[PDB]
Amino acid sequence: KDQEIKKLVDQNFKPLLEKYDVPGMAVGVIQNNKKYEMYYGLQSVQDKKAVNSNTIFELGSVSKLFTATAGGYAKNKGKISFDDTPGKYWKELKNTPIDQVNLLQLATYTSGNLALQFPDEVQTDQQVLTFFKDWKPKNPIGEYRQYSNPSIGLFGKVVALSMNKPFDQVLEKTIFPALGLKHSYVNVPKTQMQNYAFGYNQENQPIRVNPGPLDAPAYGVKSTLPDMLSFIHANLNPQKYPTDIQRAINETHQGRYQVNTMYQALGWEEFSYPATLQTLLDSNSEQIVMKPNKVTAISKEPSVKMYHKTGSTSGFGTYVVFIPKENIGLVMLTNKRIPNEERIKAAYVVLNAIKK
């Protein structure tokens, strides 16, 4: 019964606040089109402001799901193609070597040579433009997955160029409204700053995300629990949404390659359902997240799929998971990072106990 969802989240999520000294947490569940919101603790320790439905959290790498979506929207408005190259859109890179990698390989982290972060050195628009002009290849393109902010960041910049709008306006004026999101931002306006949580570092000091190269497309979206539940809703039921955005969403669900049990989609990670706990943990292992791994063609096309994505900034943790054919999903938002494995497991227990 409905009356168990609250209890299961208290048993599995609530203990984490004490175990990691997390000030504030928002956990959302959606099941059979009914939304449940559970709020714990404080958005701001110093203000004694409680987490609530208005609280804005940093999504970290969960922002990549929005970037992927924006990319799917542009592929279906004819504005780009995933076999295309950066040159067609960033006039300044037309024939250089990074005008050899495709928009898909960028989005899915399999260029020869891109790490997790730009070098600290790189910051201005001209330092990014020049980091990619004097970019030179390395690995057999397409063969190796290495998870990367620059790669999908560059995908994002290009998606934005094709729609003739800077990336931030593509999300706030086009993508967010089409998803019906009311309080999701690349830049949080002044009128909403009172709702923007403090994040907290491992020294429990209050912090928020710092400006960085191509931050908006790689990790720069902020949102509320209601909005993320609406995003999960749309992923679970894109039939009700405008046809452009429906097509964008389905585009982000298509698996592109395997790295072992993990299928890489656009933004999302995909698994065969039901998946074992360990399968889901492996997607966030040092092996998968930090090191290169060789990518194989999809062999088993799972009949029933599930999808997840973890995300962090220095001050915030996020996890989102959904299973289309159970018509369920879960969103966890914290204003202190906790281990990825702890996010994945609590969600696992909750969604299996409800799978009834």
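In this text, residue numbers run from 1 along the sequence as written. Basically, rigid core = biggest C-alpha set you can superpose within 1.5 Å across the two forms.
*Asks:* Comparing against the shown form in 8 other deposited structures of this protein, which stretch has the larger RMS C-alpha deviation after a rigid core superposition, 327 to 335 or 299 to 307?
*Replies:* Result of the core-fitted comparison in 8 other deposited structures of this protein: 299 to 307 deviates more.
*Asks:* Superpose by the rigid core: which stretch, 132 to 140 or 206 to 214, shows more Cα shift in 8 other deposited structures of this protein?
*Replies:* Once the cores are fitted, 132 to 140 deviates more in 8 other deposited structures of this protein.
*Asks:* Comparing 307 to 315 with 321 to 329, where is the mean C-alpha B-factor higher?
*Replies:* Result of the comparison: 321 to 329.
*Asks:* So which stretch wins on mean C-alpha B-factor, 274 to 282 or 237 to 245?
*Replies:* Looking at the recorded C-alpha B-factors, 237 to 245 comes out higher on average.
*Asks:* Return the residue from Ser223, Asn102, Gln264, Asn204 that has the highest Cα B-factor in the entry.
*Replies:* Result of the comparison over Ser223, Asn102, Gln264, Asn204: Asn102.
*Asks:* Per the entry, which of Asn149, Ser230, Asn250, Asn76 tops the list for Cα B factor?
*Replies:* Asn76 has the highest C-alpha B-factor of those listed.
*Asks:* Splitting the chain's C-alpha B-factors into thirds, which one does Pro292 fall into?
*Replies:* Highest third.
*Asks:* By the recorded C-alpha temperature factor, relative to the other modelled residues in its chain, which third is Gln254 in?
*Replies:* Lowest third of the chain for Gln254's C-alpha B-factor.
*Asks:* Using the B-factors in the PDB entry, rank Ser61's C-alpha atom against the chain and give the third, lowest, middle or highest.
*Replies:* According to the entry, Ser61 has a C-alpha B-factor in the chain's lowest third.
*Asks:* In terms of the CA temperature factor given in the entry, to which third of its chain does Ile5 belong: lowest, middle or highest?
*Replies:* For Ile5, the deposited C-alpha B-factor lands in the middle third.
*Asks:* Using the B-factors in the PDB entry, rank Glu269's C-alpha atom against the chain and give the third, lowest, middle or highest.
*Replies:* Lowest third - that is where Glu269 ends up once the chain's C-alpha B-factors are sorted.
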